[PDB]
Structures are given as structure tokens and as C-alpha cells.
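A lone chain, given as C-alpha cells: the form solved without its partner chain.
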């Protein structure tokens, strides 16, 4: 209802400047009604999307010399991802008391047993919690990360896949592709895994979606030194007309800014 005015927006600045109080209002509603699962999820998702689009992403477009401000913005995004993930996780905690202790126990059997309690109704929540933690990890120094948190997040994502492969046009497979391709094999990564996750994504994703093209270029083409594929994929991301998309015009605009940047910086990624 109210989200349409944000998701169909083409003016980034209007969104960036209005989203903060919105986050604050949802946050307050959530704390006033901690057993409302919808509110838990909503506010969690909001922090994670804000963290990406309006904290992390602008930091990425900063110049080499201002790395200090970059690092500080990355640390800021990291904290917001985690706040977002923890807010969404309270939807699972409300539905299954003790969920948080189990899921982060480091005990594989307890992790698996608690994830087996989840149903299709929990898929949205699994997706956002797992995504929040994976997005935080991507900005976490590989030395001071928390393998058990990371492992739990991915297992939540993998559980959502089992439950509901097609969810949000394959959005889960997208986050998994990125995780596997970028993650050290000590933390569960691997390119074979990344490719299979991407194969599932292509079954469900929209032709109007630039993100699966960008994921192909960024997560898969770069590590494999496939500059040809990188270029084609981004040309496909950029061929999409934001005015023609059925919804999420705002996210398409954001993704196309990112693909434009990747193209401009191609020389950084290949030899």
C-alpha cells in the first residue's frame, strides 16, 4: 500500500532521505508488539535493504583515497545488516521459542532438528535472516568472523530452498550463489556449489530482473576470468527498461547503477 510509493520510485535521493524515520517507526512498532511476526520481519528486511542500498553501495562508489570513510561505512552497514538479521530472527523466535539458542548452538544435530520444524510459512523469515548474516560476513574481516553464525545462516538459506525452491523468483538461490562463490572453502564455499545454485536461479528468475545477470558477471565471471561473459551479462542487465518492469522499479534502477559501475571498472577485475 505504502511500500508501492517506495518500490516504484525512480528518485534515489527521495527514498534515501525518507527511509530513516520509516525504519524508526517500524522499529518502534516492533518493540511495542514483539509477538507480531509480520512486524519483526518487516523491520528486519527494511534494515537489510537500507543497509545495502543506502550505506554499503554508496561507500563502494567512493574513491581510493577516501578508504577511511569507506571502511567506516562498511562497518556501519555490517552493524545494520546484523540488527536487521536479528530483528527478523525474532519472528522465528516468536514462532519457536528457544530457536535462537538451538540454531546457534554449534551442534549440527540441534541445528538440523530446529530447522526441520520450519514450514513454508517460515521461508520469508529464513531468507531475510540468512541474507542479513551473509551480507554482514561479506564485510567482516575473514579473521574475526564467526563460523558458527555463518554456517547457521547458510543452513537457514538452504532450508528455505528445500521448503520453497521458487520463492521470490529464486531470490534465495541468488544469495547462495554469491555466498558460495565468494566464501573460502573452509567456510563452506565452492564454485561447483555456486554454479548449481545459479542454475536453480535461472529456472525461476524474471527477464526483467537485472540482478541475476549481475550475479553471473560478478560472482562467477570475475573469479573465472571470463571477461567476455562478464560484458554480455552486464549488457543484458542494462538492456532492461525500468519503465517496463511490472514492479520494483527502484531496485532495478539500483541494480543498473551497479552494473554500470562494474562495466566502468572492468579493468580492475581482469587482465
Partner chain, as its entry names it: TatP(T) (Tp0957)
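Think of the rigid core as the biggest set of C-alphas that the two forms share within 1.5 Å after superposition. Shifts are known only where both forms have a C-alpha. Residue numbers count along the first chain shown, from 1.
In what follows, reference is made to the form solved in complex with its partner chain, a form of this protein that is not presented.
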Q. When you measure heavy atoms, are 141, 148 and 267 every one within 4.5 angstroms of its partner chain in the entry with it bound?
A. yes
**Q.** Exercise: residue 119 in contact with its partner chain in the entry with it bound, heavy atom 4.5 Å
**A.** no
Q: May I ask you to check whether residue 225 falls inside a 4.5 Å heavy atom distance of its partner chain in the entry with it bound?
A: yes
**Q.** Close approach of residue 186 to its partner chain in the entry with it bound, 4.5 Å, heavy atom
**A.** yes
Q | Contact test in the entry with it bound: residue 61 vs its partner chain, heavy atoms, 4.5 Å | A | no
Q) Which residue among 99, 127, 137, 180 has a heavy atom within 4.5 angstroms of its partner chain in the entry with it bound? A) 137
Q) Among 88-96, 166-174, 186-194, 119-127, which stretch has residues whose heavy atoms lie within 4.5 Å of its partner chain in the entry with it bound? A) 186-194
Q) in the entry with it bound, which residues of 231-263 put a heavy atom within 4.5 Å of its partner chain? A) none
Q: Compare C-alpha positions between this form and the one not shown after fitting on the rigid core and state which of 186, 71, 116, 109 moves by at least 2 angstroms.
A: 186
(Q) Using a 2 Å C-alpha criterion and requiring 3 or more consecutive residues, which regions move between this form and the one not shown after core superposition? (A) 184-186
